Amino acid sequence: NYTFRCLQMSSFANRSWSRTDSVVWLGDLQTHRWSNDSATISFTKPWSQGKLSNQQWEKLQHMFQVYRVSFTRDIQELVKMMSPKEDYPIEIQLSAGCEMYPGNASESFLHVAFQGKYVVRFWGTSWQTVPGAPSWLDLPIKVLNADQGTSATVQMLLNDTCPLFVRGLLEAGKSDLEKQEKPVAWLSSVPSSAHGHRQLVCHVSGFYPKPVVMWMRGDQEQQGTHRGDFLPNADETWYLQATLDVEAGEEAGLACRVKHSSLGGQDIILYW
Amino acid sequence: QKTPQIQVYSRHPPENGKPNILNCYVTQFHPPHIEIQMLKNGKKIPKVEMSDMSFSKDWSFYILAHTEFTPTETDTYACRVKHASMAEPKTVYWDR
Ligand SMILES: CCCCCCCCCCCCCCCCCCCCCCCCCC(=O)N[C@@H](CO[C@H]1O[C@H](CO)[C@H](O)[C@H](O)[C@H]1O)[C@H](O)[C@H](O)CCCC(=O)NCCCCCCc1ccccc1
Ligand SMILES: *[C@@H]1O[C@H](CO)[C@@H](O[C@@H]2O[C@H](CO)[C@@H](O)[C@H](O)[C@H]2NC(C)=O)[C@H](O)[C@H]1NC(C)=O
Ligand SMILES: *[C@@H]1O[C@H](CO)[C@@H](O)[C@H](O)[C@H]1NC(C)=O
Ligand SMILES: *[C@@H]1O[C@H](CO)[C@@H](O)[C@H](O)[C@H]1NC(C)=O
Ligand code: NA
Ligand code: NA
């Protein structure tokens, strides 16, 4: 049950300066990078071509090469006519891909944002502005919707190519996608923002996959445990910390317990 | 415009005199143009590796910087970020 997403980031600073950079993710592993500076899409995994042949991959890449140039020109052409309604600097983001479900199912998506805000999607057979998008987009979107060759291609990419490609990645990327890396944990403390307190920190690093942490007094979970966000390590593992703000002397008897799929029933328990 | 949030953390449990990796994770910013520096005792660390720029469901950008380091009792580490949302560079110190 994975989300596959191709993310494009385009910056237009003026008439003469633009760049477009992409990254692709299968769940939380990066499979591709496509820099503005590169002609070709780079694999960031051995299995990034999935089960497509070299011919199929070349064709898919060619389509995207044509697209990247056509995209940049269309946007700059649109900035010449719209001036000075909207002008530089302009940021555009696309997020396209599919979500793979229980055995059978799959749903695809293509979303576009302008200046950090969701404004357009592809839906079924056409481009649509979302409710509340700025009305000057209605004409460009009409012009784009008149291009039936683009619409057919995007339909093929979303309905067919996207779920096809991902099935192959899931197979060819099995051992990375199902890898198990063990958390290592440690305890520290830092000054509290509350007087007469210290903040105890349980750090958990190097674990994969993401699901994973509680401060404990014996069997009693400490409901003051404040779990932070999942932070990435550079080696495709995860970091998380859980804090507990404690009165001085109340510190004794506290433990941090960690459960993770990779430890196989055998929790880490550290004592303060 | 969105202001970057900055978090600094080590890969491995710190022990003094043991090689380790220091991470500076920068999130929640817009636009994507940004400058990130990691500092040791107030001075820029020359070789810092940068992940590819990416973005979240909410459209805000994120990027990971990391560098090799070996902590000691007296060395301080930080991550400093320059971005158009903030008049002043934001610095976050690694804890202990
Ligand atoms: C998607 C999942 C794919 C499966 C996964 C595969 C994974 C492989 C690795 C992927 C790495 C990919 C990184 C990229 C990620 C981004 C994916 C986005 C993909 C979506 C774009 C695909 C368009 C292909 C068609 C096309 O090229 N149309 C062109 C060219 O048109 C001519 O040529 C074609 C065929 O050659 C036909 O002959 C046509 O009749 C003919 O006119 C058009 O000029 C079109 O205008 C390009 C631009 C379309 C587009 O963006 N529109 C986005 C919406 C507009 C922006 C909205 C917001 C906005 C902001 C500011 C101002 C205005 C609007
Ligand atoms: C791609 O899939 C979409 C479904 O998401 C198809 O669009 C539907 O087509 C039917 C039957 O032709 C229409 O009556 C529906 O209204 C469309 N659905 C929506 C939500 O708009 C589309 O035809 C498919 N394209 C290809 C080439 O297979
Ligand atoms: C366009 O933008 C780039 C990047 O910000 C800048 O360095 C360049 O001087 C600008 N050029 C013009 C003609 O405005
Ligand atoms: C991005 O790539 C295009 C097309 O190759 C190039 O002409 C452009 O100058 C590049 N932009 C930057 C900022 O390097
Ligand atoms: Na690119
Ligand atoms: Na945007």
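Residues numbered from 1 in each chain as written, not as in the entry; some residues may be left out. Chains lettered and ligands numbered in written order. Heavy atoms only, no water.

### Structural notes on the coordination of the sodium ion (ligand 5)
Residue and element names in this part refer to chain A. As a reminder of what qualifies: Distances up to 2.8 Å from the metal define which N, O and S atoms are donors, and 3.2 Å serves for Na, K and Ca; water is absent from the atom set, so sites may look incomplete. Under the scheme used here, helices are H or I runs from DSSP no shorter than 4 residues and strands are E runs no shorter than 2 residues, and both carry numbers assigned from the N terminus. Three exposure classes are used, based on accessible area relative to the maximum for each residue type with a 1.4 Å probe and protein chains only: buried under 20%, partly exposed in between, and exposed over 50%.
Around the sodium ion (ligand 5), the protein supplies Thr 20 (O), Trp 34 (O) and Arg 68 (NH1) as donor atoms, at distances of 2.7 to 3.2 Å. In the primary structure, the donors to the sodium ion (ligand 5) are separated according to the pattern T-x13-W-x33-R. One end of the pair, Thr 20, is in strand β2 (residues 18–26); the other, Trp 34, is in strand β3 (residues 29–34), with 14 residues separating them in the sequence. By the burial criterion, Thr 20 is buried, and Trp 34 matches it.

### Details of the sheet that holds strand β8 (residues 77–82) of chain B
Residues and elements named next belong to chain B. Selection criterion: Strands qualify as paired when DSSP identifies two bridges or more between them.
Across the sheet, four strands lie side by side as β4-β3-β8-β9; this open sheet has antiparallel pairing. In the strand order of this sheet, the two ends are held by β4 (43–44) and β9 (90–93), each with one partner. Where strand β3 (residues 35–40) meets β4, two bridges bridge the pair, whose relative direction is antiparallel. Across the sheet, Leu 39 pairs through a bridge with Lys 44, a residue of β4.

### Re the UniProt feature "domain: Ig-like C1-type" in chain B
Stated formally: UniProt positions are given in the numbering used here, feature names are shortened, and annotations may be inferred rather than shown by experiment.
Mapped onto the present numbering, the UniProt feature "domain: Ig-like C1-type" falls on residues 4–93 of chain B. Between the C-alpha atoms that bound residues 4–93 of chain B there is a distance of 15 Å. The span itself is 0% helix and 52% strand.

### Section: the coordination of the sodium ion (ligand 6)
Residue and element names in this part refer to chain A. Each protein donor to the sodium ion (ligand 6) is listed here as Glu 91 (O), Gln 93 (OE1), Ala 113 (O) and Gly 116 (N); together their distances run 2.6 to 3.2 Å. Along the chain, the residues that donate to the sodium ion (ligand 6) are spaced as E-x1-Q-x19-A-x2-G. Of this pair, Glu 91 sits in strand β5 (residues 90–100) while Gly 116 is found in the loop between β6 (106–114) and β7 (117–123), placing the two residues 25 residues apart along the sequence. One exposure class covers both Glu 91 and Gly 116, and it is buried.

### Some points on the sheet that holds β3 of chain A
Hydrogen bonds along the backbone pair up the strands of a sheet, which may run parallel or antiparallel. Residues and elements named next belong to chain A. Condition: Any two residues whose heavy atoms approach within 4.5 Å at even a single point are treated as in contact. An axis is simply a line fitted to the C-alpha atoms; with a helix, the fit covers only the stretch in contact. Between two such axes, the angle follows the N-to-C directions and lies from 0 to 180 degrees.
If you walk across this open sheet you meet the eight strands as β4-β3-β2-β1-β5-β6-β7-β8, and the pairing is antiparallel. The open sheet is flanked by β4 (42–43) and β8 (126–129), the only strands paired with a single partner. By the bridge criterion, nine bridges tie β5 to β6 in an arrangement that is antiparallel. Across the sheet, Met 100 pairs through a bridge with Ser 106, a residue of β6. Contacts from helix α1 (residues 54–82) reach β1 (3–12), β2, β3, β4 and β5 within the one sheet, and its direction differs from that of β1 by about 35°. Most of the contacts of helix α2 (residues 138–145) go to β8, to which it runs at about 175°, and overall it touches β7 and β8.

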